[PDB]
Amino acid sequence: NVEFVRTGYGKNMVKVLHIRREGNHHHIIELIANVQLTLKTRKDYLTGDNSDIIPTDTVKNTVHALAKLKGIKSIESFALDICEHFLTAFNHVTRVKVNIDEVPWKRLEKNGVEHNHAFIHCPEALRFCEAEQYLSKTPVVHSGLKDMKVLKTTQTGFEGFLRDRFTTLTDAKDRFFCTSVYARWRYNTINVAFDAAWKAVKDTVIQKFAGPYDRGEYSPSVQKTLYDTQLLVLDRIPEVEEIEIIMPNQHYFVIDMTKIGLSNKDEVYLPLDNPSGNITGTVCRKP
């Protein structure tokens, strides 16, 4: 009658912070990790036989443990070590997937001197990764950024679109563009400078969204902005193979005041939570 398409289990929301003291200067990294395992045997699902179960409490313990043993250089390398452990320290685990979120701790700073041990929370963008590996295979790593809220107040338009029966929207020479960018890309090798590449992607995203800093750059189409960014990432980082981007369109509308006898010449805007535009795209290297 039935057949397994997919199985997995583990422990989620494992929070951990690791510290590396070199002199008075403390290095910290705090992350929330989830690990999923796939077992060779399915006798746990079929007959309630636990003899193959590495308890989720043990998965928790292992994540804590590897953190002491391997230390934590990046969430991507940590994810890779979790993968390697469960694949090598056992023989009945066929797949392991680690997805990690990083807590965006920034070193406290006043005018170019950096506190040795104090940190502030300024999530410009949130960083995450994934590592997936099949038994004795070459593992695959994804990295990405999320919740990077940016706003432009000009140098965007939306004209030359299809009218149908339901279109009411007129051409717009000029209008605000606000988004909360999600980006996620696959590396074609494990051998990457991860903190450097992540920064590079982030910088590319903001720069092609905003710059040049004086007059900005006109963008006719959110689709095109998104795409040009996918091309600029693929030029700057040979180790990124595929990249995905999602950009919500968070709307700011000039509030029409004439029914109350005033003229609003593009001064007061309504920020509107719902609904929102959504523009997506995934491109990869021509193999």
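The numbering used is simple: start at 1 and walk along the sequence shown.
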Average Cα temperature factor in the PDB entry - higher stretch of 85-93, 72-80: 85-93
47-55 or 246-254, whichever carries the higher mean Cα B-factor: 47-55
Selection from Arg163, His142, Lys152, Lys146 [criterion: highest C-alpha temperature factor in the record]: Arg163
Highest recorded Cα temperature factor - choice among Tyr213, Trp105, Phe128, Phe177: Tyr213
Third of the chain's Cα B-factor distribution that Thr229 belongs to, per the entry: middle
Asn188 CA temperature factor, ranked by third within the chain: middle
Third of the chain's Cα B-factor distribution that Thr7 belongs to, per the entry: middle
Position of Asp101 among the chain's modelled residues by C-alpha B-factor, lowest, middle or highest third: lowest
Assigned third (lowest, middle, highest) for the C-alpha B factor of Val240: highest
